[PDB]
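Down below is the structure, laid out as structure tokens.
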Number of protein chains: 2
Amino acid sequence: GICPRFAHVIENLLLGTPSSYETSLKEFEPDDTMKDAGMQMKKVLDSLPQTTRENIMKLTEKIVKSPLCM
Amino acid sequence: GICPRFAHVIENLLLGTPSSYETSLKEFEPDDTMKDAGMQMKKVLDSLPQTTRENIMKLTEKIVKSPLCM
């Protein structure tokens, strides 16, 4: 379906704090550039309403649990 | 590593047009709400510089190809 650590990453991206996202990322030993790019992503996603991020999470689960991703 | 269709989705999200992202999504038969949420995501990611999106893509590949996602 989906790499468990990756899912954690996405969960923290959409619904968690920059803090927890940050910890999540460090597992993968990103370089400073990739880490910076990822925080730029977080900052902008955080502009979206809560409801919107919940629906993106729900959307993400529907993709990863599709017959198409089996 | 990663569901091939999902990866396509992400690729189109970060580096493609709203158009191609849109086609990509439809595979998964998203409802109108999930589709709307996903387009709201696209619109905001599109605010980020090209370079930034390239690095997020590179970051994404590093995650999916980690020993941790084996």
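Ordered as shown in the structure tokens, chains take letters A, B, and onward, while each chain numbers its residues from 1 and ligands are numbered from 1 in the order shown.
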Exercise: residue 65 of chain B partners within 12 Å, only C-alpha atoms, chain neighbours under 3 positions left out, as a PDB file with N, CA and C atoms, in the first residue's frame:
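Written file, result-v4.pdb:
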ATOM      1  N   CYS A   3       4.706   2.713   2.156  1.00  0.00           N
ATOM      2  CA  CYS A   3       5.787   2.704   3.143  1.00  0.00           C
ATOM      3  C   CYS A   3       5.345   3.449   4.413  1.00  0.00           C
ATOM      4  N   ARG A   5       6.714   4.698   7.019  1.00  0.00           N
ATOM      5  CA  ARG A   5       7.375   5.953   7.433  1.00  0.00           C
ATOM      6  C   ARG A   5       7.017   7.154   6.582  1.00  0.00           C
ATOM      7  N   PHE A   6       6.781   6.869   5.311  1.00  0.00           N
ATOM      8  CA  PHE A   6       6.366   7.816   4.267  1.00  0.00           C
ATOM      9  C   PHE A   6       4.973   8.351   4.606  1.00  0.00           C
ATOM     10  N   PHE A  28      14.934  10.062   7.156  1.00  0.00           N
ATOM     11  CA  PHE A  28      15.501   9.865   5.816  1.00  0.00           C
ATOM     12  C   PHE A  28      16.791  10.611   5.474  1.00  0.00           C
TER      13      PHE A  28
ATOM     14  N   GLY B   1       8.389  -0.046  -3.234  1.00  0.00           N
ATOM     15  CA  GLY B   1       8.884   1.343  -3.151  1.00  0.00           C
ATOM     16  C   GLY B   1       7.684   2.300  -3.079  1.00  0.00           C
ATOM     17  N   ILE B   2       6.943   2.293  -4.189  1.00  0.00           N
ATOM     18  CA  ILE B   2       5.801   3.194  -4.352  1.00  0.00           C
ATOM     19  C   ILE B   2       4.883   2.778  -5.497  1.00  0.00           C
ATOM     20  N   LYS B  58      12.909  15.392  -5.781  1.00  0.00           N
ATOM     21  CA  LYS B  58      14.147  14.655  -5.420  1.00  0.00           C
ATOM     22  C   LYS B  58      14.087  14.088  -4.013  1.00  0.00           C
ATOM     23  N   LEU B  59      13.513  14.863  -3.106  1.00  0.00           N
ATOM     24  CA  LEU B  59      13.332  14.486  -1.707  1.00  0.00           C
ATOM     25  C   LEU B  59      12.406  13.267  -1.655  1.00  0.00           C
ATOM     26  N   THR B  60      11.343  13.340  -2.452  1.00  0.00           N
ATOM     27  CA  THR B  60      10.330  12.289  -2.477  1.00  0.00           C
ATOM     28  C   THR B  60      10.991  10.995  -2.958  1.00  0.00           C
ATOM     29  N   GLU B  61      11.807  11.153  -3.992  1.00  0.00           N
ATOM     30  CA  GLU B  61      12.440   9.889  -4.470  1.00  0.00           C
ATOM     31  C   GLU B  61      13.359   9.331  -3.409  1.00  0.00           C
ATOM     32  N   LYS B  62      13.978  10.203  -2.605  1.00  0.00           N
ATOM     33  CA  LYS B  62      14.990   9.698  -1.660  1.00  0.00           C
ATOM     34  C   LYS B  62      14.244   8.905  -0.586  1.00  0.00           C
ATOM     35  N   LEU B  68      14.742   2.220   4.473  1.00  0.00           N
ATOM     36  CA  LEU B  68      13.556   2.287   5.339  1.00  0.00           C
ATOM     37  C   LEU B  68      12.224   2.033   4.666  1.00  0.00           C
ATOM     38  N   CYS B  69      12.083   2.164   3.369  1.00  0.00           N
ATOM     39  CA  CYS B  69      10.891   1.875   2.593  1.00  0.00           C
ATOM     40  C   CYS B  69      11.018   0.595   1.771  1.00  0.00           C
ATOM     41  N   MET B  70      12.102  -0.146   1.996  1.00  0.00           N
ATOM     42  CA  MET B  70      12.281  -1.396   1.230  1.00  0.00           C
ATOM     43  C   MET B  70      11.179  -2.407   1.546  1.00  0.00           C
TER      44      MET B  70
END
Can you provide chain B as a compact mmCIF listing (two decimals) with N, CA, C and O atoms, in the first residue's frame, superposed onto chain A by least squares across all C-alpha atoms matched in order?
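Contents of result08.txt, as written:
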# COMPACT_ATOMS: atom_id res chain seq x y z
N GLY B 1 0.86 -1.20 0.00
CA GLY B 1 0.00 0.00 0.00
C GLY B 1 0.89 1.25 0.00
O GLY B 1 0.90 2.06 -0.95
N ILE B 2 1.62 1.38 1.11
CA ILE B 2 2.47 2.54 1.34
C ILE B 2 3.48 2.32 2.47
O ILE B 2 3.15 1.82 3.54
N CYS B 3 4.71 2.71 2.16
CA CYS B 3 5.79 2.70 3.14
C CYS B 3 5.35 3.45 4.41
O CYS B 3 4.99 4.64 4.36
N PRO B 4 5.39 2.72 5.52
CA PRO B 4 4.81 3.21 6.78
C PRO B 4 5.41 4.53 7.22
O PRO B 4 4.63 5.39 7.68
N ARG B 5 6.71 4.70 7.02
CA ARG B 5 7.38 5.95 7.43
C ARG B 5 7.02 7.15 6.58
O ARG B 5 6.97 8.30 7.01
N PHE B 6 6.78 6.87 5.31
CA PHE B 6 6.37 7.82 4.27
C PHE B 6 4.97 8.35 4.61
O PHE B 6 4.71 9.56 4.47
N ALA B 7 4.12 7.42 5.02
CA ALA B 7 2.74 7.78 5.38
C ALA B 7 2.80 8.74 6.58
O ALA B 7 1.98 9.65 6.63
N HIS B 8 3.74 8.45 7.49
CA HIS B 8 3.85 9.29 8.70
C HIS B 8 4.18 10.74 8.38
O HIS B 8 3.64 11.72 8.86
N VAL B 9 5.11 10.85 7.46
CA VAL B 9 5.61 12.03 6.77
C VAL B 9 4.40 12.76 6.24
O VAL B 9 4.14 13.89 6.66
N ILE B 10 3.68 12.13 5.30
CA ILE B 10 2.48 12.78 4.76
C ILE B 10 1.49 13.19 5.85
O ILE B 10 0.98 14.33 5.75
N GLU B 11 1.28 12.34 6.85
CA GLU B 11 0.30 12.68 7.90
C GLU B 11 0.71 13.96 8.63
O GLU B 11 -0.10 14.86 8.93
N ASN B 12 2.02 14.02 8.86
CA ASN B 12 2.54 15.18 9.63
C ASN B 12 2.51 16.45 8.75
O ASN B 12 2.31 17.59 9.25
N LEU B 13 2.82 16.29 7.48
CA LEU B 13 2.70 17.33 6.48
C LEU B 13 1.32 17.99 6.46
O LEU B 13 1.21 19.26 6.57
N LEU B 14 0.31 17.12 6.36
CA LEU B 14 -1.04 17.68 6.22
C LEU B 14 -1.70 18.10 7.54
O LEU B 14 -2.46 19.08 7.50
N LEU B 15 -1.43 17.37 8.59
CA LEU B 15 -2.29 17.50 9.81
C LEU B 15 -1.44 17.76 11.06
O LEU B 15 -2.08 18.03 12.13
N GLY B 16 -0.13 17.69 10.88
CA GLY B 16 0.66 17.89 12.15
C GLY B 16 1.38 19.25 12.15
O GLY B 16 1.22 20.04 11.22
N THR B 17 2.18 19.43 13.21
CA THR B 17 3.02 20.61 13.32
C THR B 17 4.28 20.48 12.49
O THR B 17 4.78 19.38 12.20
N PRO B 18 4.83 21.63 12.13
CA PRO B 18 6.13 21.75 11.46
C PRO B 18 7.17 20.97 12.24
O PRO B 18 8.06 20.35 11.67
N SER B 19 7.06 21.04 13.55
CA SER B 19 7.87 20.28 14.49
C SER B 19 7.90 18.78 14.24
O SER B 19 8.97 18.14 14.08
N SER B 20 6.69 18.23 14.25
CA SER B 20 6.59 16.75 14.03
C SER B 20 6.93 16.35 12.61
O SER B 20 7.53 15.29 12.42
N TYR B 21 6.58 17.21 11.66
CA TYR B 21 6.96 16.94 10.26
C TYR B 21 8.49 16.84 10.23
O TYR B 21 9.06 15.98 9.59
N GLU B 22 9.09 17.80 10.93
CA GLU B 22 10.55 17.95 10.86
C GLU B 22 11.18 16.65 11.37
O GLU B 22 12.05 16.14 10.66
N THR B 23 10.77 16.15 12.51
CA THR B 23 11.27 14.90 13.09
C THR B 23 11.10 13.71 12.16
O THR B 23 11.90 12.75 12.04
N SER B 24 9.95 13.71 11.52
CA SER B 24 9.56 12.67 10.56
C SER B 24 10.53 12.56 9.40
O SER B 24 11.00 11.48 8.99
N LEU B 25 10.87 13.73 8.86
CA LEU B 25 11.79 13.86 7.73
C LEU B 25 13.20 13.37 8.04
O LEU B 25 13.90 12.74 7.21
N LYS B 26 13.66 13.68 9.22
CA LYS B 26 15.06 13.45 9.63
C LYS B 26 15.34 11.96 9.53
O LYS B 26 16.53 11.64 9.32
N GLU B 27 14.31 11.12 9.61
CA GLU B 27 14.58 9.67 9.49
C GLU B 27 15.36 9.36 8.21
O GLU B 27 16.30 8.54 8.18
N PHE B 28 14.93 10.06 7.16
CA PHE B 28 15.50 9.86 5.82
C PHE B 28 16.79 10.61 5.47
O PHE B 28 17.23 10.68 4.29
N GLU B 29 17.39 11.19 6.49
CA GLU B 29 18.65 11.92 6.33
C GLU B 29 18.70 12.79 5.08
O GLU B 29 19.61 12.68 4.23
N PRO B 30 17.71 13.68 4.96
CA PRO B 30 17.69 14.70 3.91
C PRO B 30 18.85 15.69 4.07
O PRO B 30 19.21 16.01 5.21
N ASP B 31 19.41 16.11 2.94
CA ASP B 31 20.43 17.18 2.96
C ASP B 31 19.73 18.53 3.24
O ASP B 31 18.50 18.53 3.39
N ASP B 32 20.54 19.58 3.35
CA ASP B 32 19.98 20.85 3.86
C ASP B 32 19.02 21.40 2.81
O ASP B 32 17.98 21.95 3.19
N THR B 33 19.43 21.27 1.55
CA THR B 33 18.57 21.71 0.43
C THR B 33 17.22 21.04 0.40
O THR B 33 16.16 21.70 0.14
N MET B 34 17.19 19.73 0.57
CA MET B 34 15.93 18.95 0.46
C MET B 34 15.05 19.30 1.67
O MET B 34 13.82 19.41 1.61
N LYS B 35 15.68 19.47 2.83
CA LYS B 35 15.02 19.78 4.09
C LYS B 35 14.39 21.18 3.92
O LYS B 35 13.24 21.34 4.28
N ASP B 36 15.16 22.10 3.35
CA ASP B 36 14.62 23.47 3.15
C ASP B 36 13.43 23.44 2.22
O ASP B 36 12.40 24.12 2.46
N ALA B 37 13.57 22.64 1.13
CA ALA B 37 12.45 22.58 0.16
C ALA B 37 11.19 22.05 0.82
O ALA B 37 10.05 22.53 0.63
N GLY B 38 11.39 21.08 1.70
CA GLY B 38 10.28 20.35 2.37
C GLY B 38 9.61 21.31 3.35
O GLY B 38 8.41 21.16 3.53
N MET B 39 10.39 22.18 4.01
CA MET B 39 9.78 23.12 4.96
C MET B 39 9.04 24.22 4.20
O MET B 39 8.05 24.78 4.68
N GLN B 40 9.54 24.50 2.99
CA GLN B 40 8.84 25.55 2.19
C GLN B 40 7.47 24.94 1.87
O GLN B 40 6.46 25.64 2.02
N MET B 41 7.47 23.65 1.49
CA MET B 41 6.15 22.98 1.24
C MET B 41 5.19 23.05 2.42
O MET B 41 3.96 23.27 2.25
N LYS B 42 5.68 22.77 3.60
CA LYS B 42 4.88 22.74 4.83
C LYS B 42 4.23 24.10 5.06
O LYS B 42 3.03 24.18 5.44
N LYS B 43 5.07 25.13 4.85
CA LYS B 43 4.65 26.50 5.23
C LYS B 43 3.43 26.83 4.36
O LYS B 43 2.48 27.43 4.91
N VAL B 44 3.48 26.48 3.09
CA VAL B 44 2.43 26.86 2.15
C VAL B 44 1.25 25.93 2.41
O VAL B 44 0.13 26.44 2.29
N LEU B 45 1.43 24.64 2.72
CA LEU B 45 0.27 23.77 2.91
C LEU B 45 -0.49 24.27 4.14
O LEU B 45 -1.73 24.20 4.19
N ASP B 46 0.29 24.74 5.09
CA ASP B 46 -0.31 25.25 6.34
C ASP B 46 -1.25 26.44 6.11
O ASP B 46 -1.97 26.75 7.07
N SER B 47 -1.20 27.03 4.93
CA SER B 47 -2.12 28.15 4.60
C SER B 47 -3.55 27.69 4.33
O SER B 47 -4.56 28.43 4.40
N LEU B 48 -3.70 26.44 4.00
CA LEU B 48 -4.96 25.79 3.67
C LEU B 48 -5.72 25.54 4.98
O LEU B 48 -5.09 25.22 5.99
N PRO B 49 -7.03 25.66 4.89
CA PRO B 49 -7.95 25.37 5.99
C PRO B 49 -7.77 23.91 6.43
O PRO B 49 -7.40 23.05 5.62
N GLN B 50 -8.07 23.67 7.69
CA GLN B 50 -8.07 22.37 8.33
C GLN B 50 -8.87 21.32 7.57
O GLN B 50 -8.36 20.21 7.37
N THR B 51 -10.09 21.66 7.22
CA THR B 51 -11.03 20.83 6.50
C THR B 51 -10.43 20.32 5.19
O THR B 51 -10.59 19.13 4.81
N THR B 52 -9.78 21.24 4.52
CA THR B 52 -9.12 20.99 3.23
C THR B 52 -8.02 19.97 3.43
O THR B 52 -7.98 19.03 2.60
N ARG B 53 -7.17 20.16 4.41
CA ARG B 53 -6.11 19.19 4.72
C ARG B 53 -6.70 17.85 5.15
O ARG B 53 -6.07 16.92 4.65
N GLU B 54 -7.76 17.84 5.94
CA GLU B 54 -8.40 16.55 6.26
C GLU B 54 -8.80 15.87 4.96
O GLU B 54 -8.53 14.68 4.86
N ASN B 55 -9.43 16.59 4.04
CA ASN B 55 -9.89 15.93 2.80
C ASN B 55 -8.71 15.46 1.94
O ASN B 55 -8.83 14.43 1.27
N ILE B 56 -7.57 16.21 1.97
CA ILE B 56 -6.42 15.75 1.20
C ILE B 56 -5.93 14.44 1.83
O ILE B 56 -5.53 13.54 1.07
N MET B 57 -5.89 14.33 3.14
CA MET B 57 -5.48 13.10 3.84
C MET B 57 -6.41 11.96 3.40
O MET B 57 -5.89 10.90 3.02
N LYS B 58 -7.69 12.21 3.48
CA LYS B 58 -8.69 11.19 3.06
C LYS B 58 -8.49 10.75 1.62
O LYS B 58 -8.58 9.54 1.20
N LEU B 59 -8.15 11.71 0.77
CA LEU B 59 -7.89 11.49 -0.65
C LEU B 59 -6.67 10.57 -0.77
O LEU B 59 -6.69 9.60 -1.55
N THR B 60 -5.66 10.88 0.04
CA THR B 60 -4.39 10.15 0.01
C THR B 60 -4.67 8.70 0.40
O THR B 60 -4.10 7.86 -0.31
N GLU B 61 -5.49 8.56 1.44
CA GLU B 61 -5.75 7.14 1.83
C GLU B 61 -6.49 6.42 0.72
O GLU B 61 -6.29 5.18 0.55
N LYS B 62 -7.33 7.14 -0.03
CA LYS B 62 -8.17 6.44 -1.01
C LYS B 62 -7.25 5.95 -2.13
O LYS B 62 -7.54 4.89 -2.72
N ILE B 63 -6.21 6.73 -2.40
CA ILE B 63 -5.25 6.35 -3.44
C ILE B 63 -4.46 5.12 -3.00
O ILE B 63 -4.36 4.22 -3.86
N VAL B 64 -3.94 5.22 -1.78
CA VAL B 64 -3.01 4.14 -1.35
C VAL B 64 -3.73 2.83 -1.13
O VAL B 64 -3.02 1.80 -1.14
N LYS B 65 -5.04 2.83 -1.04
CA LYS B 65 -5.82 1.62 -0.71
C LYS B 65 -6.70 1.14 -1.85
O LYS B 65 -7.47 0.18 -1.71
N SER B 66 -6.64 1.86 -2.96
CA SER B 66 -7.12 1.46 -4.27
C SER B 66 -6.63 0.08 -4.73
O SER B 66 -5.46 -0.30 -4.49
N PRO B 67 -7.53 -0.56 -5.46
CA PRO B 67 -7.17 -1.79 -6.20
C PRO B 67 -5.99 -1.52 -7.11
O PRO B 67 -5.13 -2.37 -7.32
N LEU B 68 -5.94 -0.28 -7.60
CA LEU B 68 -4.83 0.16 -8.45
C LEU B 68 -3.47 0.24 -7.79
O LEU B 68 -2.43 0.25 -8.49
N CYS B 69 -3.36 0.33 -6.48
CA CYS B 69 -2.13 0.33 -5.72
C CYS B 69 -1.89 -0.99 -4.98
O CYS B 69 -0.90 -1.03 -4.21
N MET B 70 -2.73 -1.98 -5.26
CA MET B 70 -2.56 -3.28 -4.58
C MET B 70 -1.22 -3.93 -4.95
O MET B 70 -1.07 -5.12 -4.54
Task: Residues flagged helix (DSSP H, G or I) by DSSP in chain A, as a ChimeraX atom specification - done: /A:4-15,18-26,32-45,50-65,67-69
